[PDB]
Amino acid sequence: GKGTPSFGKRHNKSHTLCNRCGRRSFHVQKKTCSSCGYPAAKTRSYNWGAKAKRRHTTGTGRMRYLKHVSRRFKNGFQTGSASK
Amino acid sequence: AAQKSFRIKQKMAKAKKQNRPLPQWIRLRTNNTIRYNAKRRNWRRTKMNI
Amino acid sequence: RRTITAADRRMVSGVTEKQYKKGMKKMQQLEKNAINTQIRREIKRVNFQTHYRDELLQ
Amino acid sequence: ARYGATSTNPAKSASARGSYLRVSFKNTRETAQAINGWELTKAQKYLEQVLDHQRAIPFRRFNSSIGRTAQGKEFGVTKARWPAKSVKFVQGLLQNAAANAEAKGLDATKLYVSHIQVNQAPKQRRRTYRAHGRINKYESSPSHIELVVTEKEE
Amino acid sequence: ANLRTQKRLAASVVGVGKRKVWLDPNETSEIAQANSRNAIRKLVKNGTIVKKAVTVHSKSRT
RNA sequence: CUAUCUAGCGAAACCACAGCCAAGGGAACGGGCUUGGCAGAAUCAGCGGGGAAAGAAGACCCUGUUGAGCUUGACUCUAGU
RNA sequence: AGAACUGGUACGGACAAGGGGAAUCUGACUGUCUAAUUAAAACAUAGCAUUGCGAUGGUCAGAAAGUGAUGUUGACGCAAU
RNA sequence: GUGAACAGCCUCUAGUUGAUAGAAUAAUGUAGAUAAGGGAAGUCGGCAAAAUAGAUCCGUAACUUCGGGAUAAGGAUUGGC
RNA sequence: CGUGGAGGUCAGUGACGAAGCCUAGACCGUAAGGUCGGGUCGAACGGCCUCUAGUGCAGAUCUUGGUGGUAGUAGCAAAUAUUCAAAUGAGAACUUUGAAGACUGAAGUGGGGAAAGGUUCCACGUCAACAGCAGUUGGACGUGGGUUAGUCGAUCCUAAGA
RNA sequence: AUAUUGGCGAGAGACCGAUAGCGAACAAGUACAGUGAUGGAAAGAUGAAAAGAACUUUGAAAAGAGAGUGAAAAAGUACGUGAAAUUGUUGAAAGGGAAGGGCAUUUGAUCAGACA
Ligand SMILES: [Zn+2]
C-alpha cells in the first residue's frame with residue numbers, strides 16, 4: 001500500500017534543527033538548512049518569497065543594539081558623564 | 001528518545017514549563033483581555049516537531 | 001517537617017479556593033467554546049482530498 | 001429570568017428552570033408534553049411508572065421510524081417510548097418547583113403544571129471518523145427546560 | 001476504595017505476580033494506609049496479604 | 001452476529017416545490033398542464049418498478065484557429081563532433 | 001519387527017492433512033513488474049551471434065576547468081545491440 | 001504433553017478478562033455445516049464446495065536432456081491389552 | 001425612488017429617549033419607496049439645493065458564516081465470555097477487593113529494548129470537557145515528585161561516502 | 001536641482017469602519033498543517049463604577065426560586081443593542097393523494113371616521 005501502511009514506515013528524519021534559525025530544516029545527509037543555508041554565509045532569500053522576507057527580516061526580533069541607534073543619533077553620538 | 005541529545009532535552013524542558021494553565025491572578029488585572037492560555041499543547045493532540 | 005503548599009502560595013496572590021474553582025470552570029468553558037467553533041469552521045474543508053482516486057470505472 | 005408566555009398569575013404560581021442540560025431535546029419535549037396541564041402528584045406518580053416500564057411516554061412529533069407498543073393506547077397513539085434521562089431531568093425540576101412553592105406558601109394538593117416548554121440549546125460538538133478519510137459531526141442536542149406550577153382556583 | 005497500587009506493590013515485594021496475591025476483603029481500610037512498600041512487609045506477616053499457591057500442573061498421566 | 005423492540009449515544013448522501021394513475025398534446029416518454037378515474041388522519045417492517053434516483057461542468061464523437069506525451073525524410077534551429 | 005487376545009469393523013478416530021489421469025497452444029527452468037482494477041505467453045535469465053576500441057583510445061559525462069565514470073581497468077577486458 | 005515438528009489442540013509461570021448493553025429469535029443477509037435418489041444435466045466455464053490427505057509394506061506406465069517423471073497411477077494395513 | 005460620504009441651509013429632531021429592530025396596526029404613492037402609532041432599545045440622526053461614488057442582488061456547481069428536513073433514523077455487530085456478594089459513592093452492566101468461570105498458550109494478550117514520541121512514569125485531589133453508551137475509573141483535568149555511572153553507551157577509529 | 005511601496009520622526013484625508021481596511025484593531029506572521037521549500041487563519045464592545053449576585057431555601061452538585069446591586073439584569077462575565085433561516089410553549093384558524101396565488105363576495109377578527 002502506498003498510503004495508510006506506508007505512513008507506518010516513517011520513523012527516521014530527513015531534517016533536524018538548524019543552529020542559525022532554530023527550525024527543523026537542516027538536511028543531514030547533505031548539511032544545508034532549507035530556510036537559510038547555514039554553512040553558507042548568506043541567508044537564503046529570494047524575491048519571490050516576499051512573505052518569507054517578513055517572517056525573518058529586521059524587526060522580527062529583539063534588535064538588541066539596533067533599537068537604540070535612532071536614540072543615539074538624535075543626541076549626536078555623545079559620550080561621557082550624563083550631567084550634574 | 002531514550003538515547004537522546006541535549007538540545008532536544010532542553011527544548012522538551014521548555015515545553016514542559018510552558019505546559020501549565022494561566023495563573024488566575026492574571027485575570028483580575030485592570031485592563032485584561034486574557035481569559036485562558038491558547039498556546040497549550042499536549043502529546044495526544046499536537047506533536048512538537050523538533 | 002513541611003509548611004508549604006501551592007494552596008498557601010495562591011492564598012496570598014489573590015484567588016482563594018472557591019474562586020480558583022469558579023475561575024477554572026469558566027476558563028475551561030471558554031476553552032471549549034473555541035473548540036466548538038474550530039470544529040464548525042474546519043468541518044467543511046477537512047474532507048477535501050487533493051488526490052482521491054475514486055475506485056470505480058466499471 | 002424571563003420565561004415564556006404564562007397566562008396565569010405569578011402570585012399563585014412558582015417556577016423552575018434548567019439550562020444547558022445535556023439531554024436530548026426531542027425526547028425531553030415529548031416527555032414534557034405528556035405532563036402539560038397535569039397535577040404534580042399524578043405526574044410524579046407517572047414518570048416513576050415510566051421508569052418501571054409501565055405507562056409509557058407518547059411520541060407525537062419526533063416519532064419517525066420508532067416502534068409501536070401497547071402503552072400508547074391511553075393516549076391513542078401506538079408509537080411511544082420510555083426515556084429515562086428526559087424523565088430524570090424533568091423529575092428533578094418538579095421537585096424544585098414544588099419546593100419553591102412550599103416556601104412561597106402554596107398548597108401542594110391542588111398544584112397543577114401550567115406552563116412547561118423545552119427549547120434547543122447550543123450544540124456540544126465532536127467528530128466521528130467515516131470512511132475514505134473524512135470527518136463528520138457527532139454532536140449532542142441539549143435542551144433548556146422551563147417549568148411552572150400553579151394552584152387551581154375556581 | 002482502590003487498592004490497585006497496593007496489589008502492585010504486593011506482587012513486587014513477595015516476588016510473585018499480581019495474580020497470586022490475596023488481599024483480605026475485610027481489611028480494605030487497613031490496606032489503604034499502606035501507601036508505602038515497608039507497610040506491605042508488615043501486612044504480609046500479619047497475614048492480611050497472602051502469597052497464593054501455584055496452580056497445579058501435574059505430570060502423572062504423562 | 002445482525003436486521004427487529006428498548007435505555008443511552010447519534011451522523012451522512014441528497015433536497016426548485018414536491019410526491020396516486022390512464023390517455024391527450026407538448027422540446028415528440030408528465031409528479032404538476034387539459035379531460036376523466038379517484039380521493040379520509042397518523043403509521044411499522046420489508047421491497048427494490050419508479051423519482052429519465054445519487055455520485056462525476058462525458059472519458060467516447062465533433063468543434064476550438066486550446067494544449068501535451070511520442071515519431072519522422074515535416075518547417076525553423078541547436079548542444080556536440 | 002513379529003504373534004496372540006479383544007471391541008457394535010472401530011482405530012492418521014478431535015486437530016492436522018496431496019484429488020488423479022490422457023492431450024493441445026505457449027514461455028525452457030528459479031526469478032521480476034504495473035504499491036491501489038491487468039502476475040501473464042510480457043521482462044529477465046543462462047546460452048548463441050554481431051559491432052566498436054590497442055589508451056594520442058571506445059562508450060558516456062560536464063556551463064567550464066591543471067575536470068570526470070568505466071578504470072584499484074587493458075580484448076578470456078570495457079562498452080553497445 | 002500429543003506429534004516428525006517453534007504446525008494445530010490443551011495446560012503451568014506471567015498477563016488479561018478490555019471491545020456499549022438488555023430482551024426477543026420474523027423476512028432478506030454475512031460467516032460455518034448437513035442432505036434422500038441422480039451426479040456437472042447447471043454454467044461462458046465444475047466459479048464455490050466436496051472427495052483425497054499422515055505413516056508402514058507391496059506396486060508404479062508412456063516419455064526422457066537418463067538426472068527425472070513419481071507421493072505417478074493403483075492396493076492393503078493402522079486402536080487397546 | 002433609494003444607499004455610504006462632501007459643501008451650503010432648516011438659528012432642523014434628540015437622554016422628557018437619536019439610530020436600529022419586531023409589528024396578518026394605520027396613511028400616501030401606479031411603483032421603486034416614504035410617513036405614522038405601539039413594543040423593544042439606549043446616543044447620535046435627518047428634510048431641502050447641490051457635489052461625489054467601492055451606490056441597490058433571488059440566482060453565478062458564487063465567497064464566508066450560520067441553520068434545517070431526512071433523523072432520535074443508518075446505526076455503535078471481527079478479536080470465543082462473562083457472572084455473585086461486598087466496600088466506596090448522590091448514583092455502579094463497566095471502579096476496587098474476594099470468589100467462580102475462561103483466554104493469550106513461551107514465533108504469547110509475558111518480560112525488555114532500537115527508531116519515534118516527550119513526562120504519557122508515580123502519587124494526592126478531581127469529573128465541566130475527552131474515553132463515538134456510562135463512569136466514583138483513566139495514557140484525561142489540577143497540583144507536585146521523579147531519571148544519580150571512572151567500568152553501560154555517546155565521546156575515539158575508520159567503511160561506503162561527504 | 002532629481003529618485004525614494006524601505007528605516008526614524010511629524011502633519012493630514014470628500015478613504016475602510018471589524019466578512020471591510022494591512023494577512024494581523026486582540027498574546028498575528030500567532031495557533032495549526034506539511035519531511036521541507038512554504039502555506040497561514042479565526043477572534044473587538046458588560047457597566048459610569050464590579051457595586052461581578054452577601055444572605056435564605058430545595059438540591060449529591062451544577063444550578064434553580066426568593067432576596068439583593070444597579071438608572072437598566074429586557075446588561076449576569078455564554079454579558080452593547082440582539083435581525084433571519086431554524087425551534088419550543090400558548091392563542092386563533094383551516095385541512096379527503098400537495099401547498100401557495102388572482103378576480104368577486106359571505107362569515108369571523110381588527111381599523112376607520114365623526115359628519116357634536
Ligand atoms: Zn536554518
# chains A, B, ... in the order shown; residues from 1 in each chain; ligands from 1

call {"tool": "closest_atom_pairs", "arguments": {"of": "chain C", "to": "chain D", "cutoff": "9 Å", "atoms": "only C-alpha atoms", "output": "CSV"}}
result
residue,atom,partner,partner_atom,distance
C:32,CA,D:124,CA,8.9
C:33,CA,D:124,CA,8.7
C:35,CA,D:125,CA,8.3
C:36,CA,D:125,CA,5.7
C:37,CA,D:125,CA,8.9
C:39,CA,D:125,CA,7.5
C:40,CA,D:125,CA,8.3
C:43,CA,D:136,CA,7.1
C:46,CA,D:135,CA,7.0
C:47,CA,D:134,CA,4.6
C:48,CA,D:134,CA,8.0
C:49,CA,D:133,CA,8.3
C:52,CA,D:132,CA,8.7

call {"tool": "residues_around", "arguments": {"residues": "residue B:36", "least_positions_apart": "3", "cutoff": "8 Å", "atoms": "only C-alpha atoms (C1' of nucleotides)", "output": "PyMOL selection string"}}
result
(chain B and resi 21-22) or (chain C and resi 27+30-31)

call {"tool": "residues_near_ligand", "arguments": {"ligand": "ligand 1", "cutoff": "7 Å", "atoms": "only C-alpha atoms (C1' of nucleotides) and all ligand atoms", "output": "count of residues only"}}
result
14

call {"tool": "closest_atom_pairs", "arguments": {"of": "chain J", "to": "chain C", "cutoff": "12 Å", "atoms": "only C-alpha atoms (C1' of nucleotides)", "output": "JSON lines"}}
result
{"residue": "J:31", "atom": "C1'", "partner": "C:38", "partner_atom": "CA", "distance": 11.4}
{"residue": "J:32", "atom": "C1'", "partner": "C:38", "partner_atom": "CA", "distance": 11.0}
{"residue": "J:33", "atom": "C1'", "partner": "C:46", "partner_atom": "CA", "distance": 11.2}
{"residue": "J:41", "atom": "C1'", "partner": "C:41", "partner_atom": "CA", "distance": 10.5}
{"residue": "J:42", "atom": "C1'", "partner": "C:38", "partner_atom": "CA", "distance": 8.1}
{"residue": "J:43", "atom": "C1'", "partner": "C:34", "partner_atom": "CA", "distance": 9.2}
{"residue": "J:52", "atom": "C1'", "partner": "C:22", "partner_atom": "CA", "distance": 11.9}
{"residue": "J:62", "atom": "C1'", "partner": "C:25", "partner_atom": "CA", "distance": 10.8}
{"residue": "J:77", "atom": "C1'", "partner": "C:26", "partner_atom": "CA", "distance": 8.9}
{"residue": "J:78", "atom": "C1'", "partner": "C:29", "partner_atom": "CA", "distance": 8.8}

call {"tool": "select_by_dssp", "arguments": {"residues": "chain A", "states": "strand (DSSP E)", "output": "ChimeraX atom specification"}}
result
/A:16-17,24-27,32-33

call {"tool": "write_last_selection", "arguments": {"atoms": "N, CA and C atoms", "output": "mmCIF file, in the first residue's frame"}}
result
data_model
loop_
_atom_site.group_PDB
_atom_site.id
_atom_site.type_symbol
_atom_site.label_atom_id
_atom_site.label_comp_id
_atom_site.auth_asym_id
_atom_site.auth_seq_id
_atom_site.Cartn_x
_atom_site.Cartn_y
_atom_site.Cartn_z
ATOM 1 N N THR A 16 16.444 18.098 10.791
ATOM 2 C CA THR A 16 16.579 18.451 12.183
ATOM 3 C C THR A 16 16.924 19.924 12.252
ATOM 4 N N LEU A 17 17.338 20.360 13.426
ATOM 5 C CA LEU A 17 17.347 21.773 13.760
ATOM 6 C C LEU A 17 18.609 22.454 13.271
ATOM 7 N N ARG A 24 13.318 23.056 12.101
ATOM 8 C CA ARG A 24 13.582 21.750 11.524
ATOM 9 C C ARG A 24 13.703 21.924 10.025
ATOM 10 N N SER A 25 14.891 22.263 9.610
ATOM 11 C CA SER A 25 15.182 22.379 8.207
ATOM 12 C C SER A 25 16.557 21.883 7.819
ATOM 13 N N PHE A 26 17.363 21.435 8.753
ATOM 14 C CA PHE A 26 18.733 21.082 8.462
ATOM 15 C C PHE A 26 18.781 19.694 7.871
ATOM 16 N N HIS A 27 18.845 19.612 6.557
ATOM 17 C CA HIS A 27 19.056 18.335 5.919
ATOM 18 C C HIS A 27 20.402 17.823 6.350
ATOM 19 N N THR A 32 22.700 21.171 4.789
ATOM 20 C CA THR A 32 22.283 22.513 4.430
ATOM 21 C C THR A 32 20.844 22.697 4.859
ATOM 22 N N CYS A 33 20.623 23.801 5.560
ATOM 23 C CA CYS A 33 19.274 24.186 6.005
ATOM 24 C C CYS A 33 18.542 24.750 4.789
#

call {"tool": "interface_residues", "arguments": {"of": "chain D", "to": "chain F", "cutoff": "8 Å", "atoms": "only C-alpha atoms (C1' of nucleotides)", "output": "list in words"}}
result
residues 65, 66, 67, 68, 81, 83, 84, 128, 136, 137, 138, 139 and 140 of chain D

call {"tool": "write_last_selection", "arguments": {"atoms": "N, CA, C and O atoms", "output": "PDB file, in the first residue's frame"}}
result
ATOM      1  N   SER D  65     -39.936   6.385  12.402  1.00  0.00           N
ATOM      2  CA  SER D  65     -39.235   5.113  12.314  1.00  0.00           C
ATOM      3  C   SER D  65     -39.117   4.388  13.643  1.00  0.00           C
ATOM      4  O   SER D  65     -38.577   3.280  13.694  1.00  0.00           O
ATOM      5  N   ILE D  66     -39.645   4.939  14.727  1.00  0.00           N
ATOM      6  CA  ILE D  66     -39.568   4.252  16.003  1.00  0.00           C
ATOM      7  C   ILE D  66     -40.640   3.193  15.999  1.00  0.00           C
ATOM      8  O   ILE D  66     -41.385   3.054  15.029  1.00  0.00           O
ATOM      9  N   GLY D  67     -40.697   2.425  17.066  1.00  0.00           N
ATOM     10  CA  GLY D  67     -41.524   1.256  17.110  1.00  0.00           C
ATOM     11  C   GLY D  67     -42.777   1.448  17.917  1.00  0.00           C
ATOM     12  O   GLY D  67     -42.912   2.380  18.689  1.00  0.00           O
ATOM     13  N   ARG D  68     -43.674   0.504  17.719  1.00  0.00           N
ATOM     14  CA  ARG D  68     -45.010   0.576  18.254  1.00  0.00           C
ATOM     15  C   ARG D  68     -45.085  -0.192  19.554  1.00  0.00           C
ATOM     16  O   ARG D  68     -44.241  -1.038  19.848  1.00  0.00           O
ATOM     17  N   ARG D  81     -42.410   5.474  23.884  1.00  0.00           N
ATOM     18  CA  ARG D  81     -41.118   5.056  24.388  1.00  0.00           C
ATOM     19  C   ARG D  81     -40.995   5.512  25.829  1.00  0.00           C
ATOM     20  O   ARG D  81     -41.886   6.160  26.367  1.00  0.00           O
ATOM     21  N   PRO D  83     -38.167   7.306  27.870  1.00  0.00           N
ATOM     22  CA  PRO D  83     -36.886   7.986  28.006  1.00  0.00           C
ATOM     23  C   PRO D  83     -36.481   8.414  29.405  1.00  0.00           C
ATOM     24  O   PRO D  83     -36.962   9.409  29.957  1.00  0.00           O
ATOM     25  N   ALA D  84     -35.505   7.704  29.937  1.00  0.00           N
ATOM     26  CA  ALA D  84     -35.204   7.707  31.347  1.00  0.00           C
ATOM     27  C   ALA D  84     -34.102   8.666  31.714  1.00  0.00           C
ATOM     28  O   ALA D  84     -33.499   8.523  32.776  1.00  0.00           O
ATOM     29  N   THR D 128     -16.863  12.255  14.323  1.00  0.00           N
ATOM     30  CA  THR D 128     -16.832  10.846  14.020  1.00  0.00           C
ATOM     31  C   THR D 128     -16.083  10.693  12.719  1.00  0.00           C
ATOM     32  O   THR D 128     -16.091  11.575  11.862  1.00  0.00           O
ATOM     33  N   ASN D 136     -17.052  13.813   9.971  1.00  0.00           N
ATOM     34  CA  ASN D 136     -18.426  14.241  10.027  1.00  0.00           C
ATOM     35  C   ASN D 136     -18.790  14.451  11.477  1.00  0.00           C
ATOM     36  O   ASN D 136     -18.235  13.820  12.369  1.00  0.00           O
ATOM     37  N   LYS D 137     -19.703  15.372  11.713  1.00  0.00           N
ATOM     38  CA  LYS D 137     -20.008  15.750  13.070  1.00  0.00           C
ATOM     39  C   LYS D 137     -20.732  14.642  13.804  1.00  0.00           C
ATOM     40  O   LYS D 137     -21.338  13.757  13.206  1.00  0.00           O
ATOM     41  N   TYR D 138     -20.605  14.672  15.118  1.00  0.00           N
ATOM     42  CA  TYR D 138     -21.261  13.765  16.024  1.00  0.00           C
ATOM     43  C   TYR D 138     -21.481  14.601  17.273  1.00  0.00           C
ATOM     44  O   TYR D 138     -20.652  14.623  18.172  1.00  0.00           O
ATOM     45  N   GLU D 139     -22.607  15.292  17.326  1.00  0.00           N
ATOM     46  CA  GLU D 139     -22.860  16.296  18.337  1.00  0.00           C
ATOM     47  C   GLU D 139     -24.196  16.085  19.012  1.00  0.00           C
ATOM     48  O   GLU D 139     -25.115  15.482  18.461  1.00  0.00           O
ATOM     49  N   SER D 140     -24.294  16.629  20.203  1.00  0.00           N
ATOM     50  CA  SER D 140     -25.460  16.456  21.034  1.00  0.00           C
ATOM     51  C   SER D 140     -26.545  17.446  20.652  1.00  0.00           C
ATOM     52  O   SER D 140     -26.328  18.366  19.869  1.00  0.00           O
TER      53      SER D 140
END

call {"tool": "closest_residue", "arguments": {"among": "A:8, A:73, A:1, A:62", "to": "chain J", "atoms": "only C-alpha atoms (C1' of nucleotides)"}}
result
A:73

call {"tool": "interface_residues", "arguments": {"of": "chain B", "to": "chain I", "cutoff": "12 Å", "atoms": "only C-alpha atoms (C1' of nucleotides)", "output": "tab-separated table (two decimals) with N, CA and C atoms, in the first residue's frame"}}
result
chain	number	residue	atom	x	y	z
B	1	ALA	N	14.48	10.44	21.98
B	1	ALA	CA	14.16	9.14	22.52
B	1	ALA	C	14.79	8.94	23.89
B	2	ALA	N	15.15	7.71	24.23
B	2	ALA	CA	15.87	7.48	25.47
B	2	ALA	C	17.31	7.89	25.35
B	3	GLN	N	17.97	7.44	24.30
B	3	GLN	CA	19.33	7.82	23.98
B	3	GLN	C	19.26	9.09	23.15
B	4	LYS	N	19.07	10.19	23.84
B	4	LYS	CA	18.78	11.47	23.24
B	4	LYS	C	19.97	12.40	23.34
B	5	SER	N	19.80	13.57	22.76
B	5	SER	CA	20.76	14.65	22.81
B	5	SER	C	20.40	15.58	23.95
B	6	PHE	N	21.01	16.76	23.97
B	6	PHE	CA	20.79	17.75	25.00
B	6	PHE	C	19.98	18.91	24.49
B	8	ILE	N	17.64	18.63	22.35
B	8	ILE	CA	16.30	18.08	22.40
B	8	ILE	C	15.74	18.14	23.81
B	9	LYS	N	16.50	17.64	24.77
B	9	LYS	CA	16.07	17.64	26.16
B	9	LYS	C	15.77	19.03	26.67
B	10	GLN	N	16.56	19.99	26.24
B	10	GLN	CA	16.41	21.36	26.70
B	10	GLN	C	15.13	21.95	26.15
B	11	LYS	N	14.82	21.62	24.90
B	11	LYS	CA	13.58	22.08	24.31
B	11	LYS	C	12.38	21.43	24.95
B	12	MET	N	12.49	20.16	25.28
B	12	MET	CA	11.43	19.45	25.97
B	12	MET	C	11.17	20.02	27.34
B	13	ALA	N	12.21	20.38	28.05
B	13	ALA	CA	12.07	21.08	29.31
B	13	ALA	C	11.31	22.38	29.16
B	14	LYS	N	11.66	23.17	28.14
B	14	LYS	CA	10.90	24.38	27.89
B	14	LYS	C	9.43	24.09	27.67
B	15	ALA	N	9.14	23.12	26.83
B	15	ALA	CA	7.77	22.76	26.51
B	15	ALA	C	7.01	22.24	27.70
B	16	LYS	N	7.70	21.64	28.64
B	16	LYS	CA	7.12	21.27	29.91
B	16	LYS	C	6.73	22.47	30.73
B	17	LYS	N	7.66	23.37	30.96
B	17	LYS	CA	7.36	24.56	31.74
B	17	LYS	C	6.34	25.47	31.07
B	19	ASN	N	3.72	24.10	29.66
B	19	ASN	CA	2.50	23.29	29.68
B	19	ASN	C	1.83	23.39	31.04
B	20	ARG	N	1.49	24.63	31.37
B	20	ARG	CA	0.74	24.94	32.57
B	20	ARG	C	-0.42	25.83	32.19
B	21	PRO	N	-1.42	25.96	33.04
B	21	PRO	CA	-2.53	26.85	32.77
B	21	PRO	C	-2.13	28.31	32.88
B	22	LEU	N	-3.15	29.13	32.93
B	22	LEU	CA	-2.98	30.54	33.14
B	22	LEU	C	-3.14	30.85	34.63
B	41	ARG	N	-0.67	22.72	24.70
B	41	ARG	CA	-0.11	21.65	23.89
B	41	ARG	C	-0.08	20.41	24.75
B	42	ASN	N	-0.56	19.30	24.21
B	42	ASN	CA	-0.41	18.04	24.90
B	42	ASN	C	-0.15	16.96	23.87
B	43	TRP	N	0.68	16.01	24.29
B	43	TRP	CA	1.23	14.94	23.48
B	43	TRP	C	0.20	14.13	22.71
B	44	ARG	N	-1.07	14.18	23.07
B	44	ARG	CA	-2.07	13.43	22.34
B	44	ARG	C	-2.44	14.14	21.07
B	45	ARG	N	-2.69	15.43	21.19
B	45	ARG	CA	-3.25	16.21	20.11
B	45	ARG	C	-2.17	16.63	19.13
B	46	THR	N	-1.25	17.46	19.59
B	46	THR	CA	-0.28	18.12	18.75
B	46	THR	C	1.11	17.67	19.15
B	47	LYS	N	1.85	17.19	18.17
B	47	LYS	CA	3.23	16.82	18.36
B	47	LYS	C	4.11	18.01	18.06
B	48	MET	N	5.09	18.25	18.91
B	48	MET	CA	6.04	19.30	18.65
B	48	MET	C	7.15	18.74	17.81
B	49	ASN	N	7.36	19.37	16.68
B	49	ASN	CA	8.20	18.82	15.64
B	49	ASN	C	9.59	19.42	15.80
B	50	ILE	N	10.39	18.71	16.57
B	50	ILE	CA	11.76	19.09	16.87
B	50	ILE	C	12.72	18.03	16.34

call {"tool": "select_by_dssp", "arguments": {"residues": "chain E", "states": "alpha helix (DSSP H)", "output": "list in words"}}
result
residues 4, 5, 6, 7, 8, 9, 10, 11, 12, 13, 14, 28, 29, 30, 31, 32, 38, 39, 40, 41, 42, 43, 44, 45 and 46 of chain E

call {"tool": "residues_around", "arguments": {"residues": "residue D:102", "least_positions_apart": "6", "cutoff": "12 Å", "atoms": "only C-alpha atoms (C1' of nucleotides)", "output": "PDB file with N, CA, C and O atoms (P, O5', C5', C4', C3', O3' and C1' of nucleotides), in the first residue's frame"}}
result
ATOM      1  N   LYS D  12     -49.838  33.084  42.661  1.00  0.00           N
ATOM      2  CA  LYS D  12     -50.338  31.759  42.956  1.00  0.00           C
ATOM      3  C   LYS D  12     -49.581  30.718  42.157  1.00  0.00           C
ATOM      4  O   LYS D  12     -50.087  29.633  41.878  1.00  0.00           O
ATOM      5  N   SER D  13     -48.345  31.033  41.795  1.00  0.00           N
ATOM      6  CA  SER D  13     -47.581  30.179  40.908  1.00  0.00           C
ATOM      7  C   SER D  13     -46.095  30.293  41.186  1.00  0.00           C
ATOM      8  O   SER D  13     -45.580  31.383  41.435  1.00  0.00           O
ATOM      9  N   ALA D  14     -45.423  29.155  41.108  1.00  0.00           N
ATOM     10  CA  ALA D  14     -43.989  29.048  41.261  1.00  0.00           C
ATOM     11  C   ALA D  14     -43.375  28.503  39.993  1.00  0.00           C
ATOM     12  O   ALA D  14     -44.074  28.027  39.102  1.00  0.00           O
ATOM     13  N   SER D  15     -42.054  28.522  39.960  1.00  0.00           N
ATOM     14  CA  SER D  15     -41.320  28.371  38.727  1.00  0.00           C
ATOM     15  C   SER D  15     -40.053  27.570  38.942  1.00  0.00           C
ATOM     16  O   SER D  15     -39.595  27.368  40.066  1.00  0.00           O
ATOM     17  N   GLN D  95     -39.458  18.625  41.511  1.00  0.00           N
ATOM     18  CA  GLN D  95     -39.079  18.713  42.908  1.00  0.00           C
ATOM     19  C   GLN D  95     -38.732  20.137  43.291  1.00  0.00           C
ATOM     20  O   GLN D  95     -39.176  20.636  44.331  1.00  0.00           O
ATOM     21  N   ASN D  96     -37.976  20.810  42.445  1.00  0.00           N
ATOM     22  CA  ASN D  96     -37.580  22.180  42.692  1.00  0.00           C
ATOM     23  C   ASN D  96     -38.753  23.132  42.707  1.00  0.00           C
ATOM     24  O   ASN D  96     -38.820  24.007  43.573  1.00  0.00           O
ATOM     25  N   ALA D 108     -49.798  22.107  48.203  1.00  0.00           N
ATOM     26  CA  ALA D 108     -49.282  21.170  47.229  1.00  0.00           C
ATOM     27  C   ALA D 108     -50.290  20.111  46.822  1.00  0.00           C
ATOM     28  O   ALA D 108     -49.925  19.157  46.130  1.00  0.00           O
ATOM     29  N   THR D 109     -51.545  20.266  47.214  1.00  0.00           N
ATOM     30  CA  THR D 109     -52.588  19.321  46.888  1.00  0.00           C
ATOM     31  C   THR D 109     -53.344  19.700  45.627  1.00  0.00           C
ATOM     32  O   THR D 109     -53.920  18.816  44.985  1.00  0.00           O
ATOM     33  N   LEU D 111     -51.850  22.054  43.234  1.00  0.00           N
ATOM     34  CA  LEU D 111     -50.919  22.485  42.210  1.00  0.00           C
ATOM     35  C   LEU D 111     -51.054  21.631  40.966  1.00  0.00           C
ATOM     36  O   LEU D 111     -51.094  20.401  41.046  1.00  0.00           O
ATOM     37  N   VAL D 149     -45.598  25.864  37.954  1.00  0.00           N
ATOM     38  CA  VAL D 149     -46.712  25.230  38.630  1.00  0.00           C
ATOM     39  C   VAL D 149     -47.574  26.324  39.209  1.00  0.00           C
ATOM     40  O   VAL D 149     -47.094  27.406  39.547  1.00  0.00           O
ATOM     41  N   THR D 150     -48.851  26.030  39.343  1.00  0.00           N
ATOM     42  CA  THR D 150     -49.800  26.983  39.866  1.00  0.00           C
ATOM     43  C   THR D 150     -50.969  26.202  40.423  1.00  0.00           C
ATOM     44  O   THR D 150     -51.218  25.067  40.025  1.00  0.00           O
ATOM     45  N   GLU D 151     -51.666  26.809  41.374  1.00  0.00           N
ATOM     46  CA  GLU D 151     -52.696  26.120  42.128  1.00  0.00           C
ATOM     47  C   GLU D 151     -54.071  26.470  41.597  1.00  0.00           C
ATOM     48  O   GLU D 151     -54.394  27.640  41.379  1.00  0.00           O
TER      49      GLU D 151
ATOM     50  P     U J  57     -31.239  28.338  55.415  1.00  0.00           P
ATOM     51  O5'   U J  57     -32.170  27.644  54.340  1.00  0.00           O
ATOM     52  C5'   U J  57     -33.572  27.703  54.491  1.00  0.00           C
ATOM     53  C4'   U J  57     -34.296  27.274  53.243  1.00  0.00           C
ATOM     54  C3'   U J  57     -33.796  26.024  52.555  1.00  0.00           C
ATOM     55  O3'   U J  57     -34.213  24.829  53.185  1.00  0.00           O
ATOM     56  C1'   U J  57     -34.183  27.682  50.951  1.00  0.00           C
ATOM     57  P     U J  58     -33.423  23.462  52.903  1.00  0.00           P
ATOM     58  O5'   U J  58     -33.856  23.081  51.429  1.00  0.00           O
ATOM     59  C5'   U J  58     -35.195  22.725  51.170  1.00  0.00           C
ATOM     60  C4'   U J  58     -35.392  22.211  49.763  1.00  0.00           C
ATOM     61  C3'   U J  58     -34.403  21.170  49.284  1.00  0.00           C
ATOM     62  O3'   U J  58     -34.670  19.868  49.756  1.00  0.00           O
ATOM     63  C1'   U J  58     -34.642  22.794  47.627  1.00  0.00           C
ATOM     64  P     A J  65     -34.472  30.762  38.101  1.00  0.00           P
ATOM     65  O5'   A J  65     -35.354  30.809  39.409  1.00  0.00           O
ATOM     66  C5'   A J  65     -36.544  30.055  39.447  1.00  0.00           C
ATOM     67  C4'   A J  65     -37.229  30.116  40.786  1.00  0.00           C
ATOM     68  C3'   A J  65     -37.425  31.495  41.376  1.00  0.00           C
ATOM     69  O3'   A J  65     -38.605  32.108  40.902  1.00  0.00           O
ATOM     70  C1'   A J  65     -36.559  30.029  43.014  1.00  0.00           C
ATOM     71  P     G J  66     -38.912  33.646  41.217  1.00  0.00           P
ATOM     72  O5'   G J  66     -38.860  33.744  42.791  1.00  0.00           O
ATOM     73  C5'   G J  66     -37.928  34.619  43.376  1.00  0.00           C
ATOM     74  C4'   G J  66     -38.085  34.717  44.868  1.00  0.00           C
ATOM     75  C3'   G J  66     -37.544  35.984  45.501  1.00  0.00           C
ATOM     76  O3'   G J  66     -38.402  37.101  45.404  1.00  0.00           O
ATOM     77  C1'   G J  66     -36.674  34.169  46.641  1.00  0.00           C
TER      78        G J  66
END
